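The structure appears right after this line, and notes come after that.
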Amino acid sequence: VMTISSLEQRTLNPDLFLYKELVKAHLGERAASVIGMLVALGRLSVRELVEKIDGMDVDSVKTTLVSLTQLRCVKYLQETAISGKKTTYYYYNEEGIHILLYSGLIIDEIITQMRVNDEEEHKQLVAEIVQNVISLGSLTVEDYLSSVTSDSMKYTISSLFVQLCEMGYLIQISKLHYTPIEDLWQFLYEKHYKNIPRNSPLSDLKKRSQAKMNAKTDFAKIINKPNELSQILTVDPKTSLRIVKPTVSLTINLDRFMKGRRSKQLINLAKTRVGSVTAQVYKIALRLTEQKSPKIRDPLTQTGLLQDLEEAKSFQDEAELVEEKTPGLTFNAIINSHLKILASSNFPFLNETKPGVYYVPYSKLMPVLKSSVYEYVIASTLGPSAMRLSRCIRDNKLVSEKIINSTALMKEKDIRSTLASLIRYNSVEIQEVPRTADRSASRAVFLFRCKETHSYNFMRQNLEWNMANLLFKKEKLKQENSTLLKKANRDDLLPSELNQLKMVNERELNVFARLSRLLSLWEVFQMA
Amino acid sequence: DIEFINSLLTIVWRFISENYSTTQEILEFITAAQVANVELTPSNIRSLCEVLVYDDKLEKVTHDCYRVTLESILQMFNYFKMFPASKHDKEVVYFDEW
């Protein structure tokens with residue numbers, strides 16, 4: 001009745017409308033059009049934009065294009081065909097809009113982890129600098145340096161600039177860094193398939209080894225190019241201190257921001273399972289070791305190509321051995337007593353040891369991290385009953401109600417009630433087995449088996465539809481009070497005008513804190 | 001019959017806090033004979049073991065025994081309280097499909 005229950009919007013926009021929602025708050029109108037269409041239809045051409053919508057031909061497209069490129073909201077690729085001419089295809093780029101969904105959250109960790117300089121002018125300084133970085137989308141050093149006032153200390157803001165290069169965070173602008181992982185692999189696959197001067201028709205399987213191995217070493221140099229390079233940043237001419245290259249520009253990065261929050265999730269698991277002191281000693285280790293830790297960067301070869309059935313491991317364990325290599329080899333050598341209490345107690349998480357050197361595995365750590373958080377979700381959502389039965393399916397696997405009723409807890413009827421509450425949304429599935437009848441009819445045997453990626457994805461439905469109505473009715477709160485807000489802006493009177501002024505601001509503060517909260521929940525669920 | 005399933009809701013209450021523990025079948029061999037109402041056989045060795053096994057209670061460590069960590073906070077992620085707000089919007093975070 002009256003549809004105000006928001007059943008209208010409920011069914012039809014999974015993923016999708018997420019994107020053009022955020023860019024609408026960002027810009028709106030034309031900007032939401034192109035991206036929203038860039039999502040729905042996927043790969044898109046310049047001329048193709050005009051055809052569909054028909055609105056504002058060639059005036060809007062060229063304007064939106066450069067607008068999307070500065071903030072790099074579009075993945076760009078150009079190539080040609082055997083026939084001739086040229087073509088330029090655009091993709092929805094990475095999860096940039098997620099960075100626009102981040103903003104201050106990134107700047108938060110930027111401010112907090114910038115310690116080693118105690119409570120300094122830095123707070124007002126780089127907050128002005130970083131806000132100028134992300135907003136413009138790209139920053140050249142000299143043109144930015146020109147914005148700084150004269151007859152003052154010029155290297156005060158450059159006191160932390162070369163310190164902005166730091167370890168992680170801001171890196172240089174490089175070339176093709178924005179590029180489809182599938183396409184760059186195919187472009188790098190050239191000079192490989194192309195390589196043989198009619199050599200010899202022996203051992204066709206050697207074409208495999210040739211192309212692959214040569215592509216892997218050529219892939220490593222490309223991905224480690226933005227990762228660590230000291231050339232540009234560490235330049236140190238005389239008559240001064242170390243000063244970043246005035247020519248080469250910079251950009252923010254996924255490295256330590258996605259890492260810092262991942263460490264938080266580990267701390268939350270830590271702090272839960274130990275004291276506050278143990279979490280700190282485990283923390284000071286993570287702060288030094290976070291540089292060479294792939295972690296969030298883990299698959300890196302996954303998107304853009306096949307894995308295998310057979311050779312899947314020969315791919316996977318090839319990564320696992322380099323996930324064996326770098327954690328074992330490079331990381332820190334041997335308060336060690338408080339490490340031993342972090343040692344003797346291992347399960348669930350980490351503290352793997354080699355003779356002479358100890359370090360945390362980045363391979364086997366994730367499964368127990370996914371377990372905990374997920375089990376805490378069901379614990380949070382439903383009562384204590386729904387909790388216990390989840391693992392009851394996870395101890396052994398795929399069994400009937402016979403040994404379940406026995407081994408679980410107490411009562412049949414309530415179990416059946418929470419069984420259908422558990423089986424309500426996916427995640428245990430159901431079994432297809434007959435009893436003697438070969439799919440003929442009821443009374444057949446039943447079992448319950450754990451679900452892979454299905455019991456995950458329902459937390460990926462929690463991604464958008466949480467923030468959706470959250471941000472939307474916050475935006476609807478704007479246009480409703482829009483006549484008031486414009487009056488407030490011009491004023492920057494009456495008893496009742498100040499009332500609704502505090503109203504919206506209240507709702508605004510609480511809705512943004514609610515954005516970041518469940519944001520922190522989603523971030524851990526995006527992997528495995 | 002009905003006498004069953006109601007006997008496991010009592011004797012397991014506070015014995016937890018008084019438990020490092022050792023041998024894990026001794027924990028029952030302890031629990032089996034106690035309270036003078038006792039308990040019968042190894043049928044209960046695998047009972048309180050594999051029933052309460054999940055969601056804190058006692059942790060599972062090698063050489064067959066039980067540890068304790070995060071239940072001490074619950075008996076006292078955690079601490080959630082003060083919900084809900086009375087009216088007008090927010091959350092739900094359930095069903096709705098999507």
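Chain labels run A, B, ... following the order of the structure tokens; each chain numbers its residues from 1, and ligands are numbered from 1 in the order shown.
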Give me the chain A side of the contact with chain B, cut-off 10 Å, one line per residue showing its nearest atom pair and distance in Å at one decimal, counting only C-alpha atoms, sorted by chain and residue number, as a Markdown table.
| residue | atom | partner | partner_atom | distance |
| --- | --- | --- | --- | --- |
| A:6 | CA | B:96 | CA | 9.8 |
| A:7 | CA | B:96 | CA | 8.5 |
| A:10 | CA | B:96 | CA | 6.6 |
| A:11 | CA | B:98 | CA | 6.7 |
| A:12 | CA | B:98 | CA | 8.3 |
| A:13 | CA | B:98 | CA | 7.6 |
| A:14 | CA | B:98 | CA | 5.6 |
| A:15 | CA | B:98 | CA | 8.5 |
| A:268 | CA | B:77 | CA | 6.7 |
| A:269 | CA | B:77 | CA | 7.9 |
| A:271 | CA | B:77 | CA | 8.7 |
| A:272 | CA | B:70 | CA | 5.9 |
| A:273 | CA | B:69 | CA | 5.5 |
| A:274 | CA | B:69 | CA | 6.8 |
| A:275 | CA | B:69 | CA | 9.4 |
| A:345 | CA | B:61 | CA | 8.9 |
| A:346 | CA | B:61 | CA | 9.2 |
| A:347 | CA | B:61 | CA | 7.4 |
| A:348 | CA | B:60 | CA | 9.2 |
| A:372 | CA | B:55 | CA | 9.3 |
| A:373 | CA | B:77 | CA | 9.0 |
| A:375 | CA | B:55 | CA | 8.2 |
| A:376 | CA | B:77 | CA | 8.1 |
| A:379 | CA | B:55 | CA | 9.0 |
| A:380 | CA | B:80 | CA | 9.4 |
| A:381 | CA | B:94 | CA | 8.2 |
| A:384 | CA | B:55 | CA | 9.3 |
| A:387 | CA | B:55 | CA | 7.4 |
| A:388 | CA | B:54 | CA | 6.4 |
| A:389 | CA | B:54 | CA | 9.0 |
| A:390 | CA | B:54 | CA | 9.2 |
| A:391 | CA | B:54 | CA | 6.7 |
| A:392 | CA | B:54 | CA | 8.0 |
| A:395 | CA | B:50 | CA | 8.9 |
| A:406 | CA | B:5 | CA | 9.1 |
| A:407 | CA | B:51 | CA | 6.2 |
| A:408 | CA | B:51 | CA | 5.8 |
| A:409 | CA | B:51 | CA | 6.5 |
| A:410 | CA | B:5 | CA | 4.8 |
| A:411 | CA | B:5 | CA | 7.0 |
| A:424 | CA | B:95 | CA | 9.7 |
| A:425 | CA | B:95 | CA | 8.3 |
| A:458 | CA | B:98 | CA | 8.4 |
| A:460 | CA | B:98 | CA | 9.1 |
| A:461 | CA | B:98 | CA | 5.5 |
| A:462 | CA | B:93 | CA | 7.2 |
| A:463 | CA | B:98 | CA | 9.6 |
| A:464 | CA | B:98 | CA | 8.5 |
| A:465 | CA | B:98 | CA | 6.9 |
| A:466 | CA | B:93 | CA | 6.3 |
| A:467 | CA | B:91 | CA | 9.4 |
| A:469 | CA | B:90 | CA | 8.3 |
| A:470 | CA | B:90 | CA | 7.0 |
| A:473 | CA | B:89 | CA | 9.0 |
| A:507 | CA | B:89 | CA | 9.9 |
| A:510 | CA | B:90 | CA | 9.8 |
| A:511 | CA | B:90 | CA | 8.3 |
| A:514 | CA | B:91 | CA | 8.7 |
| A:518 | CA | B:93 | CA | 9.8 |
If you run DSSP over the backbone, which residues in region 316-463 of chain A end up alpha helix (DSSP H)? Put them as a PyMOL selection string.
chain A and resi 316-329+336-340+365-381+384-395+401-407+412-422+454-457+461-463
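Distances here use only C-alpha atoms; by that measure, the residue among A:434, A:260, A:367, A:197 closest to residue 283 (chain A) is A:260.
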Would you list the contacts of region 163-172 of chain A as an NGL selection string, taking every protein, DNA or RNA residue within 7 Å and counting only C-alpha atoms, but skipping same-chain residues closer than 2 positions in sequence?
:A and (160-161 or 174 or 233 or 248-253 or 255-256)
Okay, now the selection with C-alpha atoms, as a compact mmCIF listing (two decimals), in the first residue's frame?
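Wrote it out as result.txt, contents follow:
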# COMPACT_ATOMS: atom_id res chain seq x y z
CA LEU A 160 56.80 16.77 4.03
CA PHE A 161 56.70 16.21 0.27
CA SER A 174 53.48 6.51 -14.91
CA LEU A 233 61.80 10.52 -5.46
CA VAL A 248 57.63 14.07 -12.43
CA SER A 249 54.12 14.25 -10.94
CA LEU A 250 52.54 11.98 -8.32
CA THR A 251 49.40 9.97 -7.52
CA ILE A 252 47.92 8.19 -4.48
CA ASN A 253 47.95 4.38 -4.33
CA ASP A 255 49.34 0.01 -1.26
CA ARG A 256 49.31 1.11 2.40
Could you give me, as a VMD selection string, each residue of region 155-322 of chain A that DSSP assigns to strand (DSSP E) when run on this structure's backbone?
chain A and resid 171 to 172 250 to 251
Using only C-alpha atoms, which protein or nucleic acid residues come within 12 Å of residue 29 (chain B)? Drop anything in the same chain fewer than 3 positions from it, and give the result as a PyMOL selection string.
chain B and resi 22-26+32-34+38-46+48-49
Give me a file of those residues, with N, CA and C atoms, as a short mmCIF file (atom, residue, chain, number, x, y, z; two decimals), in the first residue's frame.
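Produced file again04.cif, reproduced below:
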data_model
loop_
_atom_site.label_atom_id
_atom_site.label_comp_id
_atom_site.auth_asym_id
_atom_site.auth_seq_id
_atom_site.Cartn_x
_atom_site.Cartn_y
_atom_site.Cartn_z
N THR B 22 43.73 -30.42 30.44
CA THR B 22 44.60 -31.48 29.94
C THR B 22 43.88 -32.77 29.55
N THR B 23 44.31 -33.34 28.43
CA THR B 23 43.94 -34.68 27.93
C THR B 23 42.54 -34.73 27.30
N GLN B 24 41.71 -33.73 27.59
CA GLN B 24 40.45 -33.48 26.89
C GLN B 24 39.39 -34.58 27.04
N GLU B 25 39.83 -35.81 27.30
CA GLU B 25 38.92 -36.88 27.66
C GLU B 25 38.93 -37.04 29.17
N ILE B 26 39.90 -36.39 29.81
CA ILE B 26 39.97 -36.35 31.26
C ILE B 26 39.00 -35.28 31.75
N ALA B 32 32.45 -36.45 34.09
CA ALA B 32 31.65 -37.67 34.16
C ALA B 32 31.34 -38.03 35.60
N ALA B 33 32.37 -38.04 36.45
CA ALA B 33 32.17 -38.29 37.87
C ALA B 33 32.28 -37.00 38.67
N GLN B 34 31.13 -36.51 39.13
CA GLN B 34 31.02 -35.23 39.83
C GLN B 34 29.56 -35.01 40.23
N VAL B 38 26.58 -37.80 39.09
CA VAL B 38 27.59 -38.35 38.19
C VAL B 38 27.22 -38.18 36.70
N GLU B 39 27.64 -39.13 35.88
CA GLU B 39 27.23 -39.27 34.49
C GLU B 39 27.64 -40.69 34.13
N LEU B 40 27.10 -41.26 33.06
CA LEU B 40 27.30 -42.68 32.83
C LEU B 40 28.62 -43.08 32.14
N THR B 41 28.78 -42.81 30.85
CA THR B 41 29.84 -43.47 30.08
C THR B 41 30.55 -42.49 29.13
N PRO B 42 31.58 -42.96 28.39
CA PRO B 42 32.17 -42.24 27.25
C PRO B 42 31.18 -41.70 26.22
N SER B 43 29.94 -42.18 26.22
CA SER B 43 28.91 -41.55 25.39
C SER B 43 28.86 -40.04 25.64
N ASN B 44 29.23 -39.62 26.84
CA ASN B 44 29.31 -38.20 27.17
C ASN B 44 30.71 -37.61 26.98
N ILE B 45 31.67 -38.45 26.61
CA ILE B 45 33.01 -37.96 26.27
C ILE B 45 32.93 -37.08 25.04
N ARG B 46 32.20 -37.56 24.04
CA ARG B 46 32.07 -36.86 22.77
C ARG B 46 30.86 -35.95 22.75
N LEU B 48 29.65 -33.20 25.38
CA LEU B 48 29.92 -31.80 25.68
C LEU B 48 31.13 -31.30 24.90
N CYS B 49 31.99 -32.23 24.50
CA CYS B 49 33.11 -31.94 23.63
C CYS B 49 32.65 -31.32 22.31
#
Contacts of residue 62 (chain A) at 12 Å or less, counting only C-alpha atoms, minus same-chain residues fewer than 3 places along, as a PyMOL selection string?
chain A and resi 30-31+34+46-47+49-50+56-59+65-69
Two-atom distance - CA of residue 456 (chain A), CA of residue 265 (chain A) (Å):
17.2 Å
Need the shell around region 284-291 of chain A: protein/DNA/RNA residues with any atom at most 12 Å away, counting only C-alpha atoms. Skip same-chain ones fewer than 4 positions apart. Format as a PDB file with C-alpha atoms, in the first residue's frame?
ATOM      1  CA  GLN A 113      50.318   7.231  10.474  1.00  0.00           C
ATOM      2  CA  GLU A 166      57.609   8.038   2.186  1.00  0.00           C
ATOM      3  CA  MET A 167      57.372   4.280   1.720  1.00  0.00           C
ATOM      4  CA  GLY A 168      53.831   3.711   0.478  1.00  0.00           C
ATOM      5  CA  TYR A 169      51.061   6.225  -0.237  1.00  0.00           C
ATOM      6  CA  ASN A 227      55.749  -0.567  -6.523  1.00  0.00           C
ATOM      7  CA  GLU A 228      59.261   0.453  -5.478  1.00  0.00           C
ATOM      8  CA  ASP A 255      49.338   0.007  -1.255  1.00  0.00           C
ATOM      9  CA  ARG A 256      49.305   1.113   2.396  1.00  0.00           C
ATOM     10  CA  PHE A 257      45.728   2.368   2.635  1.00  0.00           C
ATOM     11  CA  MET A 258      44.212  -1.008   1.801  1.00  0.00           C
ATOM     12  CA  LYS A 259      46.936  -2.519   3.988  1.00  0.00           C
ATOM     13  CA  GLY A 260      46.369  -0.311   7.024  1.00  0.00           C
ATOM     14  CA  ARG A 261      42.734  -1.333   7.342  1.00  0.00           C
ATOM     15  CA  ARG A 262      43.602  -4.975   6.671  1.00  0.00           C
ATOM     16  CA  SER A 263      45.961  -4.781   9.636  1.00  0.00           C
ATOM     17  CA  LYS A 264      43.088  -3.302  11.648  1.00  0.00           C
ATOM     18  CA  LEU A 266      43.876  -8.485  12.121  1.00  0.00           C
ATOM     19  CA  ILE A 267      44.112  -6.338  15.254  1.00  0.00           C
ATOM     20  CA  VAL A 277      49.807  -5.334  25.126  1.00  0.00           C
ATOM     21  CA  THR A 278      50.069  -8.377  22.843  1.00  0.00           C
ATOM     22  CA  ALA A 279      48.137  -6.544  20.129  1.00  0.00           C
ATOM     23  CA  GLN A 280      50.622  -3.668  20.355  1.00  0.00           C
ATOM     24  CA  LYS A 295      48.610  -9.080   1.195  1.00  0.00           C
ATOM     25  CA  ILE A 296      45.810  -7.080  -0.488  1.00  0.00           C
ATOM     26  CA  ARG A 297      47.872  -7.210  -3.701  1.00  0.00           C
ATOM     27  CA  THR A 326      59.291 -13.158   0.025  1.00  0.00           C
ATOM     28  CA  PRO A 327      57.755 -13.728   3.468  1.00  0.00           C
ATOM     29  CA  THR A 330      63.394 -10.850   3.095  1.00  0.00           C
ATOM     30  CA  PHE A 331      61.457 -10.079   6.265  1.00  0.00           C
ATOM     31  CA  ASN A 332      62.842  -9.017   9.632  1.00  0.00           C
ATOM     32  CA  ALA A 333      65.334 -10.979  11.719  1.00  0.00           C
ATOM     33  CA  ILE A 334      64.887 -11.403  15.484  1.00  0.00           C
ATOM     34  CA  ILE A 335      60.887  -7.849  23.900  1.00  0.00           C
ATOM     35  CA  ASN A 336      61.370 -11.196  22.146  1.00  0.00           C
ATOM     36  CA  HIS A 338      56.424 -11.248  24.315  1.00  0.00           C
ATOM     37  CA  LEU A 339      56.923 -12.678  20.839  1.00  0.00           C
ATOM     38  CA  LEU A 342      52.713 -14.650  20.497  1.00  0.00           C
ATOM     39  CA  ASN A 351      53.347 -16.970  13.918  1.00  0.00           C
ATOM     40  CA  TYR A 358      60.273 -15.999  12.300  1.00  0.00           C
ATOM     41  CA  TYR A 359      57.500 -14.509  10.160  1.00  0.00           C
ATOM     42  CA  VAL A 360      53.743 -14.481   9.441  1.00  0.00           C
ATOM     43  CA  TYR A 362      50.297 -14.436   3.992  1.00  0.00           C
TER      44      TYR A 362
END
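Remark: for residue 421 (chain A), the closest of the candidate residues A:156, A:385, A:433, A:53 is A:385 (distances computed over only C-alpha atoms).
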Would you compute the distance between CA of residue 102 (chain A) and CA of residue 515 (chain A)? Give it in Å to one decimal.
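Value for the CA of residue 102 (chain A)-CA of residue 515 (chain A) distance: 9.9 Å.
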